[PDB]
Amino acid sequence: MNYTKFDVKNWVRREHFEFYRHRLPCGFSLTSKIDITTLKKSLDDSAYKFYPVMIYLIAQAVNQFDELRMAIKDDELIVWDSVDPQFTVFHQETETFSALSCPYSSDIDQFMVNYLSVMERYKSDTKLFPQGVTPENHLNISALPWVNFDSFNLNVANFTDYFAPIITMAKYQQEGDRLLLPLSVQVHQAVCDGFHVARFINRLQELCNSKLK
Amino acid sequence: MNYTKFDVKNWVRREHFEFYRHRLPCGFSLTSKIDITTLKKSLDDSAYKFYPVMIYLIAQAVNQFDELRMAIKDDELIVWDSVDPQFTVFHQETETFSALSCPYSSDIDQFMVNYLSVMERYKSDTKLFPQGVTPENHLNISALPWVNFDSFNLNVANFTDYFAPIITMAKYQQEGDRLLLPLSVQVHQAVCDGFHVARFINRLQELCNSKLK
Amino acid sequence: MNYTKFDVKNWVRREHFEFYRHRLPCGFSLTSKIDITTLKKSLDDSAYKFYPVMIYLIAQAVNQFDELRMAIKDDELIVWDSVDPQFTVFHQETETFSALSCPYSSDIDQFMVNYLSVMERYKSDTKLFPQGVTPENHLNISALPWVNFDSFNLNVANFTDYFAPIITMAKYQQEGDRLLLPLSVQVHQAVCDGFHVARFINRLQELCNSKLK
Ligand SMILES: [Co+2]
Ligand SMILES: [Co+2]
Ligand SMILES: [Co+2]
Ligand SMILES: [Co+2]
Ligand SMILES: [Co+2]
Ligand SMILES: [Co+2]
């Protein structure tokens, strides 16, 4: 199987986990701006498009940290070996969105082939989940390309035990000499602390400042 | 009657609506900065005050999009022909707020007459709802003039089926050559997507950049 | 006793309180940037560290306003004479956090002695609440020093009657000639309005712009 049961008994977060899961269930959202000045340059020297690269980079970062790939399966806590991005797609024609996923791959060119393929096949499918059930080993990525925002937060009526992170991007902006992308991260406190989210963001930024291949 | 029953059966958002209403009930808030550099100029060339104009402009924008004027009435989904602003008023003397509403009008001078009239009559009424029951065809507007903010979010214990948008303004600020007003929009996902909110904001900005009359 | 029963009967917020407590239970979070340019200078001319001073300053501000020190005790509404800060501590070694508190004092040097003492004694205690039960007369302060954010919000599954404010700080940043610290304030609407939060923030800023002793 593609996940491994986690050793809660010996975890340094064991008390945190029970506290934030059942005693005081909560989570948080944070919005920060990622500098994509370097990445804009890289993309310019290539044929990649922005959105597919950001999915790639975000999935890559998530796949490096266990605490972003936890879930409850059969009442037990597991870590997925790896997770695939579930991203939103906007249909111009109906002005509605759909959520799709494709397999992640550490090889950026194979990821692009996966993405183009999924898009080829469901570009005109206006169902909300054209592919049917969402694979359990997922992360959620959404984009609001039409507007910049300083904050985004999802108010959810019930989030018991849903630990996959939700990342939302807005339209980027030029702030002085920099091109900044607002990114909102929303997690559950049972599995993730402020530290973990900050480590994800610092890692993402690093990725944005590095060669693609 | 002043509303029309909506055709859910043939709506391109029909699956979205059921999903976000009953399967995974949620909403979101977003905060963005509206450039009010042009509007400050217009106001300077006139006798209008800032707050009443922002209510006006926001109500005007809301009244152009159906998805911001939905509600459940008798278990059915309706669109109001038009909605009136319900705005907050601060009382200096008690340091408490009240919520008022007046009829919207596409004629800015009649709107001002409505506003001055409502204010005349309830300026000193410290009840929370001096007028009694809030008309069902409303939008909510609030202002935090004493402080600038980058984000605002309302955490609500229960929001089942309340689809009127909540807009909150902070104190504006000079950012370089621009005067920016932080505005927070909070909607329910059953009726509104990221697209819709972004379209409201882009429309509001346009309005701010145009002649008043 | 260290609290006083509040006169709800004659309060100008009496209707607000019942409304926001039981009819439409809610709260809000707001994130604003505090200019700590002056304070950086003061700290430079001294031996104080940043975090302990911010706890100090925030607790000082809270202790000046009643509406930030309310609670329900025995079904009644009370105001604490004073509240102590409950702050988070990060352990590098385990990469987990703990929450501690020490007695507040209006004398900054005695506060520092209290803080160093509590830290001395529990620096290596990785329990979530090394001291055991949190004193009821508390405010919550947390810090995310590793990342800057524009917004922070806690999504809480149940907040019935918890009125202590939650303040969260991010990493500060240089914005032009200024050093700004993002601060998020999260309150319950039964006890606090936008006015109150804005008054807390304006007061905090004032404090940051003043001599320490
Ligand atoms: Co339990
Ligand atoms: Co791996
Ligand atoms: Co249903
Ligand atoms: Co019309
Ligand atoms: Co009651
Ligand atoms: Co006192």
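Values below: all heavy atoms of this structure, side chains included; hydrogens, waters and symmetry mates excluded. Note on naming: letters A, B, ... go to the chains in the order of the sequence lines (proteins, then strands), and numbering restarts at 1 for each one.
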Undergrad: Without swapping roles, check the side chain of C/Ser32 against the backbone of B/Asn148 for a donor-acceptor pair under 3.5 Å.
TA: yes
Undergrad: So, C/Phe195 versus B/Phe97, ring centres under 6.0 angstrom or not?
TA: no
Undergrad: Taking every non-hydrogen pair under 4.5 Å, which of C/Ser29, C/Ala198, C/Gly194 racks up the most with chain B?
TA: C/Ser29
Undergrad: Looking at OG of B/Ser151 and CG of C/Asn153, how far apart are the two atoms once the value is rounded to the nearest 0.5 Å?
TA: 7.0 Å
Undergrad: Between CZ of B/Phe159 and CG of C/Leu24, what distance do you get to the nearest 0.5 Å?
TA: 12.0 Å
Undergrad: Less than 4.5 Å apart, side chain to side chain, heavy atoms only: is that true for B/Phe149 and C/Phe28?
TA: no
Undergrad: Regarding B/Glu95 and C/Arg199, does a basic nitrogen lie under 4.0 Å from an acidic carboxylate oxygen?
TA: yes
Undergrad: Taking the side chain as everything from C-beta on, heavy atoms only, tell me whether B/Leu154 gets closer than 4.5 Å to C/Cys26.
TA: yes
Undergrad: Does the side chain of B/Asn155 come under 3.5 Å of the side chain of C/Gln186 through a donor N or O and an acceptor N or O?
TA: yes
Undergrad: Rounded to the nearest 0.5 Å, how far does CG of B/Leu128 lie from CD of C/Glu15?
TA: 5.0 Å
Undergrad: Just by distance, do the side chain of C/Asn202 and the backbone of B/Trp146 share a donor-acceptor pair under 3.5 Å?
TA: yes
Undergrad: Can a donor-acceptor pair be found, under 3.5 Å and without considering hydrogens, that links the side chain of C/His16 to the backbone of B/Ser98?
TA: no
